[PDB]
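# Structural overview
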Amino acid sequence: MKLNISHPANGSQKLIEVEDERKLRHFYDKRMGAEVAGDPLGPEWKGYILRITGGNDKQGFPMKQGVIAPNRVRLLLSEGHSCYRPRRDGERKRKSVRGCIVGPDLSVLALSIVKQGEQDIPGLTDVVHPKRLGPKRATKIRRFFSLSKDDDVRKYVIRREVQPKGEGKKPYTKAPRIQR
Amino acid sequence: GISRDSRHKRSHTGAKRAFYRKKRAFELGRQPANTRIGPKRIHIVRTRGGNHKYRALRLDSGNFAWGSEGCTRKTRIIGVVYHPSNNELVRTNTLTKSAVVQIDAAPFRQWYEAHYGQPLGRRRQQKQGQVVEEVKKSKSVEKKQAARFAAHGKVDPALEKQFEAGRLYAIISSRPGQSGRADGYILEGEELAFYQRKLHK
Amino acid sequence: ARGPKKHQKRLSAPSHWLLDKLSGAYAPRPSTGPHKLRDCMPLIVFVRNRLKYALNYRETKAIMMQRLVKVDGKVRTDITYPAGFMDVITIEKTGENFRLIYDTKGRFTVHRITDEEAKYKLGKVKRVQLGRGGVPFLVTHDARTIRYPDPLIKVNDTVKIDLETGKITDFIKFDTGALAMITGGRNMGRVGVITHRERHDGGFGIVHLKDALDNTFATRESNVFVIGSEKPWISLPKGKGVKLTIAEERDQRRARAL
Amino acid sequence: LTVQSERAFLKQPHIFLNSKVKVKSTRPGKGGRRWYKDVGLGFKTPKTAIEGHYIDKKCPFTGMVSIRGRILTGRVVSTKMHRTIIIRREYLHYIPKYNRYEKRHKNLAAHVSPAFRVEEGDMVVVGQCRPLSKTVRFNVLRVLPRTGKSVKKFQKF
RNA sequence: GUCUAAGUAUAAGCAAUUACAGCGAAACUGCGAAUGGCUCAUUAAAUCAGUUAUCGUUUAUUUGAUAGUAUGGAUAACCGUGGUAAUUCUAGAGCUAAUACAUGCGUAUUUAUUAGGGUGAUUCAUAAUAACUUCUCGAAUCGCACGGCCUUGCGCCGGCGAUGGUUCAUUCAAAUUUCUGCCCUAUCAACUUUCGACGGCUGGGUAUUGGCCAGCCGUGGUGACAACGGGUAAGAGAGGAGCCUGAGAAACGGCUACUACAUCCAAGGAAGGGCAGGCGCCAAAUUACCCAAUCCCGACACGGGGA
C-alpha cells in the first residue's frame, strides 16, 4: 500500500511507500474512524496515532462509509454523497464503491494525523504551509484577530501581493474584501 | 400510473368506447392516505400551480370545536367508533371524514372547570385537590360567574355519561390526505342519540 | 397547442395591424400584458408600420433602450408587451403625443395631441367589487385598480382619470340615450347613440342603438364603450364615427378633396 | 327518525344548525333555519322547499348546486327512479336529401328535488347545473302538470 | 445556452493610482429546453365545428393594487498529495463568500361559531371569534446620487432604480362542460349489467365536478324518430415495469431494475442505445452561401437560431 497521511495543522501531507505487509497486518481489517498508531508501523516512528479515512482500490475505485461485508458492492448513490459527482442534478446513479473493512486489495490509503509522535519528519511536519485564502467576512476577522466590537476592521488587512518580472514598475498589492 | 378520466368506461347506451389517446398528466389520481394514529408521518405532495399538498399519513392530535359555545381546544385522538362507508375502515380504525371518534374530554372538561365552576365526569366519592375552582370571587366575579352558574351550566345527560367516560363522540370534517390534519366538531343531541344508536346497531 | 408558443402565423394574422404577406413565415406576436389579443397594438407595429419611423430592429431597439419613449410615464423597453387602448404615447421633445383611437371604419389610428388632452386618459370600469379591508374598489378595463372610489360609481362608467395616480376626476355614465363606441358584433368599432337597454336574463344584456341617420343595431354590454356625453375630452375621429356608405362617403371625399 | 335516516346516515346542510339551537342568540331571536335559498332566475320557491324537513345536498333550495343562463324544458320518460327523471326532447331534423323534417328524440336525466309534486307525463322545466354525474347535469325546477301519455305521445317542445 | 453599472470576483490574469471597487475567463446562484422539426398501427359526433359555462379548476410570466400588530455553519471554484487502463471515475487534507441552503430579545393553512356591496340567485365577496400547522410572509441584499437639520454627531433624516415577497387582479394559457352536424348500411334488434350498467348517501383522491373509485342498497341506461354491430374510402413513437422536474410533461435524443443486441479493456470493470447521404428493392436535380431581412429565445443593444 501507499499512504496519503494527512496533516491539517500545517497543511501538509504525503504519500508513503509501504514495504512489510507485516507492517500492514495491524492495518488490516480495521473499519473507518478507528485509530492505529505509527509506532507499530515504524521503528523510526513512536507516539503518533492516526485515523483511517479513505483511499482507493487497485483499479481505481473509491471508498464509502458504513459499508461492512467487504467486497466491491455496486452501491446506488444519490445527490450529496461522497465518491460521486452528479452527472445531472437530482441524478441517482448506481456506481461501484468498495466497502469499509481493509483487506489487502487497497492501493493508496488516506489517513488523518491524530496524535503527534517524537520523531521529526521533514516533509510532513517540519516543512510549513499556511493556507491560501484568509478570513473574508468582518465577524470572521473579529473571531480570528480578536477585535471586540468597537474597532473598525478596515485597518486589519490579510493581503496578498503579486510582483511580476519583465515589469518593472512596482509591486502589486491586493486585499480581498470585508463583507458585513 | 393510476388513472382518473371519464373515457375508460362504457357508454350510456352501453357499448365500450375505443380510447383515442394515451394518458396525459392532468388526469391523475393519487393514492389515498389511509391515515393511522401515532407519530407525525408526512408526505408533502407538490400539486398543480406550485401548491404543495399536506399529506398526513400518521397523526396524534388536533383541535376540535365545542359547538354549543364556539370553544376550540387542542385534543388528542383516541379511536374510531363508526363510519357509514366501511367496517373495514372501522375494523382497521382508519381515520377519515364522516368518522365519529371518541375523544379526550380532558381539555374540554378543564375549560368547563376552568370557566364555569361546576363538576362533570367525577365519581360520587367527590374527591378534590387544590383550589382554582373558587380561586377568588369578587362581588363582580361572584355575580358574574354565579350568574352564569345559575342556569346555563347544562349538559345532555348522555354526553354527561361520556364525561364520566371522559371520551366524547366527535366527528371528523377535515381530510388528512389533503389538509395535513384530522379535525372535526363535537356531536350533540339528536345526532348523539343517532350515532350512539349506531353503536346500538 | 399543449402549452404556449411565441410563433405567430401569417395567413391568420388579424385585421388591426396591416402586416405584409411577404418576408418569410412568422409575424410579430404580442406577448402578455394588460389587454387581450384583439385590441392589442405593439410598438413594433406602431412605430415601424403605422408611422414609418423605423428601418429595422437595430434602429427600433436603438430608439427604445435609450429612455426617450414613455408609456404612462413608464420606460417600457420591451417589444412584445402591448400598447393599450385609446392610447397616450409620448414624443416629449417638442411637446407632442399620440392618441390611438378608432377611425370611422373601426381600426386604430395615431394622433398628435397636446400635453393636457394627452395627460388625462379615458379608461373604462371593468369591475367594482369588494376586496381586502372591506372596500369596493374599481378594476379598470385597461390596466389598473382604482382603490377607494366614490362608492356609487359602478361598472360600465368610462372614467377620466388624470393617468397620474389612477383616480377618478370624471366618469361617463352607462345610459340609455347616450353616445357610445361599439367594439364588437357584426358592426364593431362605431360611434353611435344608444336608444334602449334590454335586460336578457340568460347572458349579456344588450342595447338597441339608432344612429344619426336612423340605422338600428342591438349589441351587447361587453362590447359597448360609452365614449362621451358631449364634453369633447378626446380628439374627434374622422367623420364623427358615423360609418356611412362607401359610395356616398366616397362622393363626400371627392367633394371635400382639394 | 323518518327522513334523517335514509339508509346512509347523514342528512345535514353544509351549515350545521340543529344541536346548537340551545345557544342564546338565534333562539331568543329567530335564526332556527332549514336552509333557505332562492334559485333566482325568475322562479318562485315551493313551500316544501321553504320548510320541508327533507335534506339533500343536490337540492337547489337546500344545497349549493346552482343554475346559470341556459334553461330547458321537456317531458319525462321514466319518473320512477331514485329521484331522477329522464327527458325525451324531440326535435324536427331537416333532411336535405328529402328537403323535409323528421322526428329525432333525445334523453336527458335530471336530479329531482323532493319539494314539488311529481307526475309521469308532465312537462318539466329543468336547468343546467354542474355535472353531478355523467348523464345528470341538470336539475328539476318547475312542473307544468299535463296529462300527456307514454311513448305514443309526441310534441316538439 | 446564458452576464445587467445594479448578485457572489484575493484568477500569484490584464490593467491603473489597502475595505473590495476599472476589464474580467473559473466556479457558485438564477432563468432555461412542455418546444425547432422528425418516424408510422391509426384515430368514423369519442375528437372537431359552431355554441354555452365553471356560483366545479390551476397558471411561470405581464402590469396595477398592495402588509398600525404577536453581525451565522458551510462548501464549489482555489492550494496541494494523489489512486486506476480509464471515459461528467474520482479520493483525502486544508481554504473562503453570496439575493445560495439558515437563524431573527398582523398575515398564510385547516376546523367550527357568528356577522354578512354584487348577481337572475349562492353558505358569494368581506369582517370578527376560538384555536390549529411540526408555521409561508412582513428584506442581516445590490447599484446610482450625494444632500435638508445643523445634536459636524466614526449622526439623524434623504431620494433614483435593480433584485426579492403574503394577497387580489390582468394577460398568456391549460382543463373539463353543454343544443345541433359524422360517410354508408339492416347478411345488424337487440345491447350494456365482468368486479358500475344508471341513480343516490357517505367518503377518498384529482387543482376541482364527475361511479373516476370503494362500501351500501335501489333498478337500471338505450334502441326501428334507427341503439348497437359491421364496412375504413381520416393520433402512436431498443421495450415493457416504476420513478423524479416544473407554471405547464406520465418529459424518455434525463435515473432504477428486467428483457434483445452491441462497443473500450491491462478481462476484475465500464461507458451504449438520431435522422439525413450513396448503392439498391451501368450512372443523369448542389455534399452551396447567410441570420442581412421577417420572426423567436435567454442575467440580456452583444450571445444563440436546420423557420
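Residues numbered from 1 in each chain as written, not as in the entry; some residues may be left out. Chains lettered and ligands numbered in written order. Part of a larger assembly, values for the part shown. Heavy atoms only, no water.

As recorded in the PDB header, cryo-EM is the method behind this entry, and the stated resolution is 3.2 Å.

Time to look at the overall build of chain C. If you tally the helices and strands in chain C, you get four helices and 17 strands. Against the globule reference of 18 Å for 258 residues, chain C gives a C-alpha radius of gyration of 20 Å, in line with a compact fold. Projecting the C-alpha coordinates of chain C onto the three principal axes gives extents of approximately 60 × 50 × 50 Å. Here chain C holds 258 residues, and 38% of them are scored as buried. (Helix = DSSP H or I, 4+ residues; strand = E, 2+ residues; numbered from the N terminus. Rg over C-alpha atoms; globule rule 2.2 N^0.38 Å. Buried < 20%, exposed > 50% of the residue type's maximum accessible area, 1.4 Å probe, protein only.)

To continue, consider the overall build of chain D. Helix and strand counts for chain D come out as one helix and five strands. Reading the secondary structure of chain D in the N-to-C direction produces α-β-β-β-β-β. Taking 15 Å as the expected radius of gyration for a compact globule of 157 residues, we find that chain D reaches 19 Å, considerably beyond that expectation. When the backbone C-alpha atoms are referred to their principal axes, chain D occupies close to 75 × 30 × 30 Å. The buried share of chain D, taken over its 157 residues, is 38%. Intrachain contacts of chain D at a sequence separation of at least 6 include 55% that bridge at least 24 residues. (Contact = heavy atoms within 4.5 Å.)

All names here are of chain A. Following the sequence through the fold, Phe-145 ends up in helix α3 (residues 138–145). A sequence separation of 13 residues divides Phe-145 from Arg-132, and the C-alpha atoms of the two residues are 17 Å apart. If we ignore the near neighbours within four places in the chain, the residues touching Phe-145 are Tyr-156 and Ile-158.

Turning our attention to the interface of chain B and chain D. Residue-level contacts link 17 residues of chain B with 12 residues of chain D. Across the chain B/chain D interface, buried area totals approximately 1,200 Å², and carbon plus sulfur atoms make up 56% of it. Run the count over chain B and chain D and you get zero salt bridges. Counting across the interface, chain B meets chain D through three residue pairs in polar contact. With six residues, helix α6 (residues 190–200) of chain B is the single largest residue contributor to the side of chain B that touches chain D. Counted by class, the side of chain B that touches chain D contains five nonpolar, five polar and seven charged residues. (Buried area = accessible area lost by both parts, 1.4 Å probe. Salt bridge = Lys/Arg side-chain N within 4 Å of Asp/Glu carboxyl O. Polar contact = N/O pair within 3.5 Å; in protein donor to acceptor, adjacent residues only side chain to side chain. Nonpolar A, V, L, I, M, F, W, Y, C, P; charged D, E, K, R; others polar.)

So, about the protein's contact with RNA strand E. Near RNA strand E there are 205 residues, and of these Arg-177 of chain A, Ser-85 of chain B, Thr-32 and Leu-130 of chain C together with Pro-131 of chain D occur at the shortest range. For the surface near RNA strand E, the element with the most residues is strand β3 (residues 100–111) of chain D, which contributes eight residues. (Near = heavy atom within 4 Å.)

This paragraph deals with the packing of aromatic side chains. This structure, assessed with the given rule, holds 17 aromatic pairs over all chains. Summarising the aromatic geometry, the rings of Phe-85 of chain C and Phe-225 of chain C are spaced 5.2 Å apart at their centres and angled 80° between planes, so their arrangement reads as edge-to-face. Taken together, the residues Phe-85 of chain C in the loop between β2 (82–83) and β3 (88–91) and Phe-225 of chain C in strand β17 (residues 224–228) connect sequence positions 140 residues apart. Per residue, the accessibility class of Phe-85 of chain C equals that of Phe-225 of chain C, and both read buried. With centroids separated by 4.9 Å and ring planes inclined at 65°, the aromatic side chains of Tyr-102 of chain C and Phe-108 of chain C adopt a geometry described as edge-to-face. As far as the burial class goes, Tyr-102 of chain C and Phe-108 of chain C line up, both buried. Pairwise contacts between aromatic rings join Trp-66, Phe-108, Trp-111, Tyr-112, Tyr-116 and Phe-163 of chain B into one cluster. Over the ring of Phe-61 of chain A we find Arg-72 of chain A, and its NZ or CZ is 4.6 Å from the ring centre. (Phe/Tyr/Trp six-rings, centres within 6.5 Å; stacked < 30°, edge-to-face > 60°. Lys NZ or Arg CZ within 6 Å of the ring centre and 35° of its normal.)

Residues and elements named next belong to chain A. When strand β1 (residues 2–7) meets strand β7 (residues 106–115), the two strands line up parallel, connected through five bridges. Its bridge partner lying in β7, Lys-2 is registered against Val-108. One ladder, built from eight bridges, connects strand β4 (residues 49–57) with β7; its direction is antiparallel. Looking across to β7, one finds that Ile-52 is bridged to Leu-111. (Pairing = 2+ DSSP bridges.)

Next up on the list: the sheet that holds strand β9 (residues 136–140) of chain C. Residue and element names in this part refer to chain C. Read from one edge to the other, the open sheet built from five strands follows the order β10-β9-β8-β11-β12, with strand pairing classed as antiparallel. Since the sheet does not close on itself, it has two edges, and those belong to β10 (145–146) and β12 (168–172), each with one partner. Sheet topology note: the strand β11 (residues 158–161)/β12 ladder contains four bridges and is antiparallel. When the bridges of β12 are listed, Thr-158 appears paired with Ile-172.

All names here are of chain C. Spatial ordering of the open sheet is given by β3-β4-β7, a layout of three strands whose pairing is antiparallel. Unpaired on one side and paired on the other, β3 and β7 (112–113) mark the two borders of the sheet. Here two bridges tie strand β4 (residues 96–99) to β7, and the two strands are oriented antiparallel to one another. Its bridge partner being in β7, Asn-97 is matched across the sheet by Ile-113.

So, about the arrangement of the chains. The pair of protein chains exhibiting the most contacts, out of three pairs of chains in contact, is chains B and D. Nowhere do chain A and chain B come into contact; their C-alpha atoms are at least 17 Å apart. At the level of C-alpha atoms, the two units chain A and chain D stay apart, their nearest approach being 42 Å.

Moving on, we come to α6 of chain B. Residues and elements named next belong to chain B. Every buried residue of α6 is accounted for by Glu-191, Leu-192, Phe-194, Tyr-195 and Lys-198. End-on view of α6: buried residues confined to an arc of 165°, all on one side of the axis. If you follow the buried residues of α6, they end up packed against β5 (71–82), α4 (157–164), β7 (167–172) and β8 (184–186). (Arc of directions from axis to C-beta.)

Before going further, it helps to examine the pattern of salt bridges. A complete count under the given rule lists 24 salt bridges over all chains for this structure. Two residues, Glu-90 of chain D and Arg-88 of chain D, come together in a salt bridge whose shortest N-O distance is 2.5 Å. Each member of the pair, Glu-90 of chain D as well as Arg-88 of chain D, carries the same accessibility label: buried. Each of the salt bridges in this network shares a partner with another, and the network as a whole consists of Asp-5, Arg-7, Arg-21 and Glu-27 of chain B.

The subject of this paragraph is the side chain of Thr-62 of chain D. Residues and elements named next belong to chain D. Tracing the chain through its elements places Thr-62 in the loop between α1 (48–51) and β1 (71–75). A residue is classified by how much of its surface remains accessible, and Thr-62, at 5% relative accessible area, is buried. Looking at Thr-62, its side chain comes within polar contact range of the side chain of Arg-34, at 2.8 Å.

All names here are of chain A. A cluster of like positive charges, contributed by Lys-131, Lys-136, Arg-137, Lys-140, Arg-143, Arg-177 and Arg-180, occupies part of the molecular surface. With respect to the helices and strands, the residue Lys-140 is situated in helix α3. When its relative accessible area of 39% is taken as the criterion, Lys-140 is described as partly exposed. (Patch = residues over 30% accessible without salt bridge, like charges linked within 9 Å, V, L, I, M, F, W, Y side chains within 5 Å. Areas by Shrake-Rupley, 256 points an atom, 1.4 Å probe, with all protein chains shown as cover. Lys, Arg positive; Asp, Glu negative; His and termini not counted. Charge placed at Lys NZ, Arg CZ, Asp CG, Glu CD.)

Residue and element names in this part refer to chain B. Of the residues making up helix α2 (residues 106–115), those classed as buried are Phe-108, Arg-109, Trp-111, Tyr-112 and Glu-113. Residues of α2 that are buried sit in contact with β4 (61–66), β5, β6 (100–104), α4 and β7. With its phi angle positive at about 100°, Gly-117 sits one or two positions after the end of α2.

Cis geometry marks the peptide bond from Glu-167 of chain A to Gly-168 of chain A, where omega comes out at -5°. When you line up the elements, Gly-168 of chain A lands in the loop between β8 (160–162) and β9 (172–174). If you check the backbone angles, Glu-6 of chain D has positive phi at about 40° while not being a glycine. For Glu-6 of chain D, the position within the fold is in the segment before α1. Exposure remark for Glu-6 of chain D: the relative accessible area of 34% places this residue in the partly exposed category.

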